[PDB]
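Q: Pasting a structure here, questions to come.
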Amino acid sequence: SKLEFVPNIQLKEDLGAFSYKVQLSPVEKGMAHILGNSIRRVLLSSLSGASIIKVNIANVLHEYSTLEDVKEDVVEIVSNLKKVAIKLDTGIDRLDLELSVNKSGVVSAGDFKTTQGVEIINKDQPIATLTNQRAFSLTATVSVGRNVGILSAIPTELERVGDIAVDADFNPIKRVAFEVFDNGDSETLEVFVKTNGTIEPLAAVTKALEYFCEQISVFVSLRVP
Amino acid sequence: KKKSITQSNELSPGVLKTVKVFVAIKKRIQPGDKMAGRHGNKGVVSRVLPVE
């Protein structure tokens with residue numbers, strides 16, 4: 001036949017907020033819907049990320065607490081430390097961020113001390129509001145992991161006295177779709193990915209395919225390892 | 001703010017001190033909990049499906 005197509009990955013159409021369109025141009029006329037489904041189902045379930053897993057505010061003992069001059073309660077601050085999109089580097093795997101101010105306005109996500117390796121993606125994410133001038137300090141802990149599901153999870157052991165546990169959403173992908181187009185003797189797979197910002201579309205989709213191939217590679221031998 | 005009866009009451013004659021303790025917990029929805037809408041339709045949650 002000599003009609004062996006092997007698809008190549010591309011990044012047509014960078015659109016929207018954090019929305020893109022990956023594309024796999026030469027596909028072998030039947031194998032495209034399989035790849036669309038496997039990509040959509042592995043992106044939305046197996047990708048790893050980083051998030052805040054524990055916080056320690058200074059003059060605060062528990063979560064059902066309150067600070068002076070601050071317009072929020074700790075239950076509402078720990079709720080904003082969940083929308084902070086962080087981007088770790090290669091082999092850190094764990095670290096403690098630090099925040100400390102003495103201003104009199106909206107504290108933001110941009111106010112974390114500049115650690116190397118960390119990078120906050122959404123910088124105008126409100127964290128707290130100080131209505132009068134005062135000193136506001138907290139230490140968030142960042143970790144890597146994936147959404148392993150509700151029951152099985154990590155209990156997030158606490159060490160100091162004011163430690164509060166935050167439950168993280170590690171996956172960076174928010175919404176996937178796909179489509180398949182006809183070319184004649186080949187087809188075009190077209191993926192739509194929407195991320196939070198801490199990963200790029202090509203790297204994401206090739207990580208998905210790496211996972212899927214490592215899964216498929218057990219049926220080529222019918223052997224355990 | 002301190003003008004009590006040393007217990008803000010008689011403290012149950014025969015009893016010296018009464019101490020109270022408050023405990024708070026957060027509860028997520030799970031299979032078994034009952035849900036409903038404003039139109040007369042109720043039902044019990046059977047499964048939490050993954051999103052894909």
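Labels for the structure tokens follow display order: chains A, B, ..., residues from 1 in each chain, ligands from 1.
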Would you give me, as JSON lines, each residue of chain A having an atom within 9 Å of an atom of chain B, along with its shortest atom pair and that distance in Å to one decimal, using only C-alpha atoms and sorting by chain and residue number?

A:
```
{"residue": "A:40", "atom": "CA", "partner": "B:52", "partner_atom": "CA", "distance": 7.8}
{"residue": "A:41", "atom": "CA", "partner": "B:52", "partner_atom": "CA", "distance": 5.8}
{"residue": "A:42", "atom": "CA", "partner": "B:52", "partner_atom": "CA", "distance": 8.7}
{"residue": "A:44", "atom": "CA", "partner": "B:52", "partner_atom": "CA", "distance": 6.3}
{"residue": "A:45", "atom": "CA", "partner": "B:52", "partner_atom": "CA", "distance": 7.3}
{"residue": "A:64", "atom": "CA", "partner": "B:24", "partner_atom": "CA", "distance": 8.3}
{"residue": "A:149", "atom": "CA", "partner": "B:50", "partner_atom": "CA", "distance": 8.2}
```

Q: Deliver the residues from the most recent selection as a file, using C-alpha atoms, as a compact mmCIF listing (two decimals), in the first residue's frame.

A:
```
# COMPACT_ATOMS: atom_id res chain seq x y z
CA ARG A 40 -9.62 13.61 25.88
CA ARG A 41 -9.92 10.93 28.54
CA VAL A 42 -6.26 10.96 29.61
CA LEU A 44 -8.93 15.17 31.92
CA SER A 45 -7.82 12.47 34.40
CA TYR A 64 -13.40 29.48 61.73
CA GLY A 149 -10.13 10.57 43.43
```

Q: For residue B:33, please output as a PyMOL selection string all residues within 10 Å (counting only C-alpha atoms; exclusion window: fewer than 5 positions along the same chain).

A: chain B and resi 28+43-46

Q: Can you spit out the residues from that selection as a PDB file, in the first residue's frame, using C-alpha atoms?

A:
```
ATOM      1  CA  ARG B  28     -19.138  17.134  51.684  1.00  0.00           C
ATOM      2  CA  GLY B  43     -33.843  11.515  45.347  1.00  0.00           C
ATOM      3  CA  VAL B  44     -30.766   9.944  46.838  1.00  0.00           C
ATOM      4  CA  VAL B  45     -27.303  10.333  45.337  1.00  0.00           C
ATOM      5  CA  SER B  46     -26.115   6.961  44.038  1.00  0.00           C
TER       6      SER B  46
END
```

Q: Between A:219, A:178, A:20, A:136, which has the minimum distance to residue A:69 (counting only C-alpha atoms)?

A: A:136

Q: Using only C-alpha atoms, can you tell me which of A:118, A:55, A:35, A:61 comes closest to residue A:79?

A: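 Nearest candidate to residue A:79 out of A:118, A:55, A:35, A:61: A:55.
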
Q: I'd like the neighbourhood of stretch 122-134 of chain A as an MDAnalysis selection string, where a residue qualifies if any of its atoms comes within 12 Å (using only C-alpha atoms), though same-chain residues fewer than 2 positions away should be ignored.

A: chainID A and resid 17:18 57 66:87 99:112 119:120 136:138 196:198

Q: Do a neighbour search on residue A:23 at 7 Å with only C-alpha atoms, toss out local chain neighbours closer than 6 positions, and write the hits as an mmCIF file with C-alpha atoms, in the first residue's frame.

A:
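part_5.cif, freshly written:
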```cif
data_model
loop_
_atom_site.group_PDB
_atom_site.id
_atom_site.type_symbol
_atom_site.label_atom_id
_atom_site.label_comp_id
_atom_site.auth_asym_id
_atom_site.auth_seq_id
_atom_site.Cartn_x
_atom_site.Cartn_y
_atom_site.Cartn_z
ATOM 1 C CA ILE A 9 1.650 17.459 16.153
ATOM 2 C CA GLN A 10 1.096 21.158 15.535
ATOM 3 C CA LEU A 11 -0.235 24.227 17.297
ATOM 4 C CA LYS A 12 -2.619 25.910 14.913
ATOM 5 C CA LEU A 189 -7.639 15.135 14.320
ATOM 6 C CA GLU A 190 -8.214 18.550 15.898
ATOM 7 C CA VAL A 191 -8.102 18.861 19.709
#
```
